[PDB]
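Inspection log for the structure reproduced underneath, given as structure tokens.
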Amino acid sequence: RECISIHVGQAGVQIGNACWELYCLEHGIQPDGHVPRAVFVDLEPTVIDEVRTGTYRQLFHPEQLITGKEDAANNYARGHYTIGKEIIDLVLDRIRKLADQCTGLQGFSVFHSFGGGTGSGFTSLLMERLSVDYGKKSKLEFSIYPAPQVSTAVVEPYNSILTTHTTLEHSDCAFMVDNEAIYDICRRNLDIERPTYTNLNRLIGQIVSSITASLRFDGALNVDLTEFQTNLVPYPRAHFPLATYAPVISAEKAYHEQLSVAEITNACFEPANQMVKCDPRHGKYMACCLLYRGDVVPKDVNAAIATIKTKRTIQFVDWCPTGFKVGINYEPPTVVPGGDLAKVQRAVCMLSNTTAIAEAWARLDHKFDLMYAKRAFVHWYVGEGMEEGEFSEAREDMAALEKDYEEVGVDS
Amino acid sequence: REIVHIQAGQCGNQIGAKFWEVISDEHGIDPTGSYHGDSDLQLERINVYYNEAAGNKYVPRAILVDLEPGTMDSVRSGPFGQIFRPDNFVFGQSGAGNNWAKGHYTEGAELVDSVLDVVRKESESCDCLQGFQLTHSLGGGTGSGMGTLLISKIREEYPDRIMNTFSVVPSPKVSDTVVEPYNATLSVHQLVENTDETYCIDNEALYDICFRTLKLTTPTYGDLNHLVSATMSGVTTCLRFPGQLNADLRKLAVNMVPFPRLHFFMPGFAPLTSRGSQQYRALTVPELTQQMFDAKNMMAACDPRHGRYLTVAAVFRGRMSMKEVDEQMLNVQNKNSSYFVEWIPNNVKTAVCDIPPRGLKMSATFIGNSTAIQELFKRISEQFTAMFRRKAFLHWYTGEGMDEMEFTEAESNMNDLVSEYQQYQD
Amino acid sequence: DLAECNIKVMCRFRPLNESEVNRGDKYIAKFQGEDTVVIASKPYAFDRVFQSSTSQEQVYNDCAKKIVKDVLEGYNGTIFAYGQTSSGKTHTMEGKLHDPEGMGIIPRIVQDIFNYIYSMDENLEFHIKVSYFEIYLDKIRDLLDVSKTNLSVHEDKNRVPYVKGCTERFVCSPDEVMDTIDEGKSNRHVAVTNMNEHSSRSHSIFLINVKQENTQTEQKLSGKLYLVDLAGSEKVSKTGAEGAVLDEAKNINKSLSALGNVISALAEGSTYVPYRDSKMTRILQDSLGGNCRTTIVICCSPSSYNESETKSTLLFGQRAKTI
Ligand SMILES: CC(=O)O[C@H]1C(=O)[C@@]2(C)[C@H]([C@H](OC(=O)c3ccccc3)[C@]3(O)C[C@H](OC(=O)[C@H](O)[C@@H](NC(=O)c4ccccc4)c4ccccc4)C(C)=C1C3(C)C)[C@]1(OC(C)=O)CO[C@@H]1C[C@@H]2O
Ligand SMILES: Nc1nc2c(ncn2[C@@H]2O[C@H](COP(=O)(O)OP(=O)(O)OP(=O)(O)O)[C@@H](O)[C@H]2O)c(=O)[nH]1
Ligand SMILES: Nc1nc2c(ncn2[C@@H]2O[C@H](COP(=O)(O)OP(=O)(O)O)[C@@H](O)[C@H]2O)c(=O)[nH]1
Ligand SMILES: Nc1ncnc2c1ncn2[C@@H]1O[C@H](COP(=O)(O)OP(=O)(O)O)[C@@H](O)[C@H]1O
Ligand SMILES: [Mg+2]
Ligand SMILES: [Mg+2]
Ligand SMILES: [Zn+2]
């Protein structure tokens, strides 16, 4: 029934504090109410401390807040092997101590930031140690994969080609939200050149609320977590769909809010609104899980979608007749009291697997090579319990992820 | 986390006074007083530079190494001079001769053990050690020789903790000493092989940047020092503050050093406007990157425009949009694709603290790893040969128990170091 | 300057051992031609690929014979044995020191140097000096004098590097050299609790300096041949004290990574080679790359269990892209 969550890496923790905020906010549980149902991991104390100093301070147990005073290191190796190792046990312990206390759970919603040290590496083995300790569950990892041109870390790809290959054979469904492609939404669909990280977080903090929160919440067309991976992954590769939200209108500027279904659903497939720089440049969808929430008439959907199924310029895979999982919830969304999110009475958090990422992975793989081609910051990992193996052998890994996402599509 | 500063030589020392003059105020620590901190955040992370004893006396955890009493006895007899626990003063009343050899093999080699002693008392302080800060000048005895030894020993004692080095590489135009390239070439040698992050500052790159970027007409040393100390505060201490995207020595190290040499950087501060007038506030952000990335404004002597970059780290510290930050950096990376090296898709390492420099609204330290610094070790290396060839003031070295193969060694080494760096400019 | 990067790479597979067979491992290496091995469908060509029953004699003739001639010709050279622990490095570099059939590269080299000398003995005056040291944790220890610990590399008047204070012993016969190797091997146990652990994690370096002067011609010659048995290239699986159910922390050996960068640089035809990346590469500077011949014998277990490690080894060997 439940779904634990492990927010790993400063980012996964910032986003965590955010997604965790939106929660109580739409459940009437102020600062000090019940008890969360997740944990927080980081090898840099000062960040988890922010959850220990700032807002939502006492809504957590100093037990579900793991820290390694030591060093973060923007390098996979160190975070996965060398350092990150020391903490893992302890980490697990909570996701085994928190996993017990419950009643027939469904899985762990993992929150990490692909291209980091504590986020890429660590998790790599966290999800790793999970796939074995609970192979019998769902492993949906919600990632924030590398901005297409606006990356931060100098190594980023090293850290992301490595978190992909190690987690690939362990996740159930990996959701992806592109940090940059979300900015566009903040520039083009909300207008603000002042987007603090605290915003992107409010956003995913939204799209995510549509996943677990409301879905695990009764409705006219419930959709379990398992449901996802089933209706969402055509193949064992921990396939990565993309998150998209519909009413991303500004709560100040424009106001046409009352945008009946027929509109908000069409607003999902236009590439300029998908929290991912993977513009459907060719990527044929192969399965979409349209999660609606608020006042929505099933016919409105079983029509708004029909209209789409016949737009053709939206070309769905061949081997897939119908790939539209319609998830209907009741309670409308719940916008921050005064952030910058419109606040409509219905939304569409549609996520999907698109042959599109054939790109995004490509463009991120290429990156890697360029540097590896010169070993660049390699000495930083080797000296951290890794080898020419793990790199070269994780490169070959993704290689067959560029062929995979190619074969499962583009062909009939 | 933590670090333990090291004031090698007079310069490195003189600067200590300025690095601590600053940092303290950037942490509300009065002479011997405690934390008067205008805020409450300038305290949760202080440890990085102090120690708890009394309850109002957080003492800087640095080392003051020097073979010339008068110096430390000027730093200890002035302003903040009375905050260092006397135990910190590792003096060498000997003749602090201006010979690299006199402070690395003969005179300094003795005072070393009585230093390492303390560098251990401070390291084994508490919590977890990160690395050590090292200030000095590569143009003298107590600086290049004895300080370059202090590290060769440090890096044998904790090849784990990092080693940032702040070197005052011999300014071009005019040398404030004569053997300079001797004391220098010999210390850079030791650097390229122990510390793993070096920030090279040039007394004349400063003047310039201090007489034209600060209409300042009488730039006393105190100033130069002050400007420098401003950068080393943005680097370390800063990142030991919160931030949307914070880093720390390692991130800085693990994002800036593609190849083990250690490589040297060139620090640059952001708001560098003259007092009254200039107080233009054009600091939205494009103004800071405008600054940081220009030629002038690079504490180094060489000009970036004269050689690609391998890595860059804009360590900003003042509330800004992870969008207008992450964005700007890009155009910058495209307007100058020419010089920014290609085999690194994203050279730049954007870092973002929150709280800014006490009295300012928005700043951003720049730590550049450009291939341009090739054209400096060249300089140094040249000066050597031109004088080595004739063994100029060599008797002051050998006569101090040195080797004719020692000088050969260093030059070559550091000389090769020039070579390599070009391997990327191409 | 001769050809730039005179680096040859030979891959030597050893027979599956009883432990591997007992475990149930399978022989995964497939062969093609005299220079290609196929692992997981991917082909890897090298200067030569030796199957599991290749003799010590074949390995010496193909990998070291010519280098020995160069040393006697007055040039420097280097020969390495690279691979995971138990791959066959020591068997290859030394084998059974006194068995005429089972002896490795080093015994056979010594044998050939003296034999050549014996066939000269006319106007040439020879002088052979050896040194034997190890590198552990990037620290140098003299295997001929256990008091000489943590030695440092220095460059002489003419740039030639050397290990400050390292024993240099004049040998006059094969037996003297083998005795030297035997002493070094015994001295190695000093201050070492676990020799297995120590041997797999350290690098052994044997130096043979052959000097000669033709009393009549007067032309002098000096060659240095460094024989190196490297540390295990397998960083993974480090058992001991650390994060019990949370570990993966360990880097690639400093010297191996330094060697990788040096080989890649030479393979790229780079004018700047990163020798300073390690004490090992610094000492070897005048005998690795440039106008020196270098053979790297990467050794591998043909076991299905060591598949990933073998891939790594093969990849390392590939750093020297030949044509
Ligand atoms: C009324 C007002 O706003 O005054 C400003 C001011 O006029 C200007 C010109 C300051 C001023 O700085 C200088 O004139 C200067 C003198 C010698 C060397 C270098 C700089 C200022 O003195 C410096 C001072 O800086 C700080 O307070 C920072 O926290 C800074 N502190 C120190 O350097 C410091 C100085 C004395 C004692 C202890 C610390 C800092 C910067 C980075 C990291 C840590 C601390 C500031 C904003 C000002 C004055 C006071 C006029 C500027 O410099 C800095 C470092 O902020 C020079 O260009 C900038 C722009 C500022 O607006
Ligand atoms: N959406 C979003 N992205 C973030 C946030 N914080 C960081 N990121 C992104 O995630 C990546 C940064 O990872 P880091 O903060 O460097 O590292 P980490 O993953 O927390 O772990 P360490 O490297 O060990 O510190 C970059 O690509 C950032 O753009 C956040 O709050 N929200
Ligand atoms: N920025 C700066 N440079 C200094 C200071 N003092 C000496 N220098 C520089 O240091 C070099 C001289 O070395 P010095 O510090 O006297 O050596 P030592 O005292 O014998 O170790 C010259 O290039 C000076 O410009 C200083 O307070 N600030
Ligand atoms: N080519 C080979 N033929 C027969 N046995 C071998 C072969 N190569 C290695 N072995 C044996 O396997 C064991 C481990 O090999 P060794 O060379 O000591 O490994 P390492 O690579 O750790 O130096 C030894 O008994 C060695 O003789
Ligand atoms: Mg972090
Ligand atoms: Mg062995
Ligand atoms: Zn309306």
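Checking the structure you have, find out if any residue of the stretch A:281-297 is farther than 23 Å from A:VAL177 by Cβ and acidic (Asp, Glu).
Just the residues of the stretch A:281-297 that are farther than 23 Å from A:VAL177 by Cβ, to begin with: A:295-297.
Adding the requirement that they be acidic (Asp, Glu) leaves A:295.
Scanning the stretch A:281-297, I find at least one residue that is farther than 23 Å from A:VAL177 by Cβ and acidic (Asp, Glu), so the answer is yes.
Of these, B:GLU400, B:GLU420, B:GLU324, which one is out of contact with any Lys or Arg (no Cβ under 6 Å at 6 or more places or on another chain) and farther than 19 Å from B:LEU288 by Cα?
Result: B:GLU420 is the single residue among B:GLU400, B:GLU420, B:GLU324 that is out of contact with any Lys or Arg (no Cβ under 6 Å at 6 or more places or on another chain) and farther than 19 Å from B:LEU288 by Cα.
Kindly indicate the residue of the stretch B:242-289 that is of a type in the set (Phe, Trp, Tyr) and away from every other protein chain (no Cβ under 11 Å) and also farthest from B:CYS210 (Cα to Cα) among those meeting that condition.
Across the stretch B:242-289, the extreme among qualifying residues is B:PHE264.
Among the helices (runs of 4 or more DSSP H) confined wholly to the stretch C:244-320, which include 2 or more residues that are more than 11 Å from every other protein chain (Cβ to nearest Cβ)?
Helices (runs of 4 or more DSSP H) meeting the threshold: C:254-267, C:279-283.
If you check A:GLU402 against the conditions, is it under 24 Å from the mean Cα position of the chain (by Cα) and of a type outside the set (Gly, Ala, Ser)?
In short, yes.
Out of A:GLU26, A:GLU63, A:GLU50, report the one residue that is over 18 Å from the mean Cα position of the chain (by Cα) and either within 13 Å of another protein chain (Cβ to nearest Cβ) or within 16 Å of ligand 1 (Cβ to nearest atom) (or both).
Residue meeting the stated conditions: A:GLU50.
Only one of these is in a helix (DSSP H, G or I), over 30 Å from B:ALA253 (Cβ atoms) and more than 14 Å from chain C (Cβ to nearest Cβ): A:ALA347, A:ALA400, A:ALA358. Name it. First the steps, then the outcome.
Values: A:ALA347 fails: in a helix (DSSP H, G or I); A:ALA400 fails: more than 14 Å from chain C (Cβ to nearest Cβ).
Residue meeting the stated conditions: A:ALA358.
Scanning the stretch B:412-426 for residues that are over 22 Å from the mean Cα position of the chain (by Cα) and more than 8 Å from chain C (Cβ to nearest Cβ), which turns out surrounded by the most Cβ atoms within 10 Å (Cβ to Cβ)?
In the first step, residues of the stretch B:412-426 are kept if they are over 22 Å from the mean Cα position of the chain (by Cα); the result is B:412, B:416, B:419-420, B:422-426.
Checking the rest, the ones that are also more than 8 Å from chain C (Cβ to nearest Cβ) come to B:424-426.
Numbers: B:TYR424: 21, B:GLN425: 17, B:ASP426: 9.
Checked the stretch B:412-426; the qualifying residue surrounded by the most Cβ atoms within 10 Å (Cβ to Cβ) is B:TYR424.
Do you know which residues across the stretch B:358-373 are over 20 Å from B:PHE166 (Cα atoms) and in contact with a strand residue (DSSP E or B) (Cβ under 7 Å, 6 or more places away or on another chain)?
B:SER363
Among the candidates B:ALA109, B:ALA96, single out the residue that is buried (at least 24 other Cβ atoms within 10 Å of the Cβ) and more than 20 Å from the chain's Cα centre (by Cα). It would help to see each step written out before you state the result.
Working: B:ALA109 fails: buried (at least 24 other Cβ atoms within 10 Å of the Cβ).
B:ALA96 is the lone residue from the list that is buried (at least 24 other Cβ atoms within 10 Å of the Cβ) and more than 20 Å from the chain's Cα centre (by Cα).
Looking only at the stretch A:294-324, filter to residues that are out of contact with any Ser or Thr (no Cβ under 9 Å at 6 or more places or on another chain), surrounded by 11 or more Cβ atoms within 10 Å (Cβ to Cβ) and of a type in the set (S, T, N, Q); which one of those is farthest from A:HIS282 (Cα to Cα)?
Restricting attention to the stretch A:294-324, the residues satisfying the condition of being out of contact with any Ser or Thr (no Cβ under 9 Å at 6 or more places or on another chain) are A:294-299, A:302-303, A:306, A:310-315, A:320-322, A:324.
If we keep only those that are surrounded by 11 or more Cβ atoms within 10 Å (Cβ to Cβ) as well, we get A:294-298, A:302-303, A:306, A:314-315, A:320, A:324.
From what's left, of a type in the set (S, T, N, Q): A:302, A:315.
On the way: A:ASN302: 26, A:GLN315: 9 Å.
Among those residues, the one meeting the criterion is A:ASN302.
Which condition does A:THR230 not pass, out of (1) within 14 Å of another protein chain (Cβ to nearest Cβ); (2) hydroxyl-bearing (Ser, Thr, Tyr); (3) surrounded by fewer than 19 Cβ atoms within 10 Å (Cβ to Cβ), if it passes all the others?
(1)
To keep it simple, each residue is scored yes or no on (1) farther than 21 Å from A:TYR381 by Cβ; (2) among the aromatic types (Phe, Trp, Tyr); (3) more than 16 Å from ligand 4 (Cβ to nearest atom); (4) not in a helix (DSSP H, G or I).
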residue	(1), (2), (3), (4)
A:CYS19	yes, no, yes, no
A:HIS34	yes, no, yes, yes
A:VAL41	no, no, yes, yes
A:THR55	yes, no, yes, yes
A:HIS61	yes, no, yes, yes
A:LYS69	yes, no, yes, yes
A:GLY79	no, no, yes, no
A:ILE88	no, no, yes, no
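Output the qualifying pairs, or none if there are none: Cβ atoms under 8 angstrom, residues six or more apart or on different chains, first residue in the stretch A:147-164 and more than 10 Å from chain B (Cβ to nearest Cβ), second residue of a type in the set (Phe, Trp, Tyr) and in a loop (DSSP other than H, G, I, E, B).
Matching pairs, first to second residue: A:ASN159/A:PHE114; A:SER160/A:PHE114; A:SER160/A:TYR145; A:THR163/A:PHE114; A:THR164/A:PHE114.
Tell me, which helices (runs of 4 or more DSSP H) lie completely within the stretch B:365-426 with 3 or more residues that are under 11 Å from B:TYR182 (Cα atoms)?
B:374-388, B:404-425
Give B:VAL65, B:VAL115, B:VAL22 a once-over and let me know the one that is assigned to a strand (DSSP E or B), within 26 Å of B:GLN130 (Cβ to Cβ), more than 14 Å from every other protein chain (Cβ to nearest Cβ) and more than 16 Å from ligand 2 (Cβ to nearest atom).
Step by step, each of B:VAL65, B:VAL115, B:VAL22 is checked, and only B:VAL65 is assigned to a strand (DSSP E or B), within 26 Å of B:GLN130 (Cβ to Cβ), more than 14 Å from every other protein chain (Cβ to nearest Cβ) and more than 16 Å from ligand 2 (Cβ to nearest atom).
Find all pairs meeting these conditions: Cβ atoms under 8 angstrom apart; at least six residues apart or on different chains; first residue within the stretch C:233-244 and within 26 Å of C:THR310 (Cβ to Cβ); second residue in a loop (DSSP other than H, G, I, E, B) and of a type in the set (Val, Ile, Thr).
Listed by first residue and then by second, the contacts come to C:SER233/C:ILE252; C:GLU234/C:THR85; C:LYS235/C:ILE252.
What single numbered condition from (1) under 21 Å from the mean Cα position of the chain (by Cα); (2) more than 16 Å from C:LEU72 (Cα to Cα); (3) of a type in the set (S, T, N, Q); (4) not in a helix (DSSP H, G or I) fails to hold for C:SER237?
The one condition C:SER237 does not meet is (1).
Could you tell me which of the residues B:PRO219, B:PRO242, B:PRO172 is in a loop (DSSP other than H, G, I, E, B), within 16 Å of ligand 2 (Cβ to nearest atom) and of a type outside the set (S, T, N, Q)?
Selected residue: B:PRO242, the only one of B:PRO219, B:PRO242, B:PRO172 that is in a loop (DSSP other than H, G, I, E, B), within 16 Å of ligand 2 (Cβ to nearest atom) and of a type outside the set (S, T, N, Q).
State which residue is surrounded by the fewest Cβ atoms within 10 Å (Cβ to Cβ) when the search covers only the stretch C:252-305 and only residues that are more than 14 Å from the chain's Cα centre (by Cα) and within 17 Å of C:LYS224 (Cα to Cα).
C:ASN291
A short reminder: the numbers here are calculations on the coordinates, not readings from a lab. Here Cβ is always computed from backbone atoms with ideal geometry, including for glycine, and neighbour counts include all displayed protein chains.
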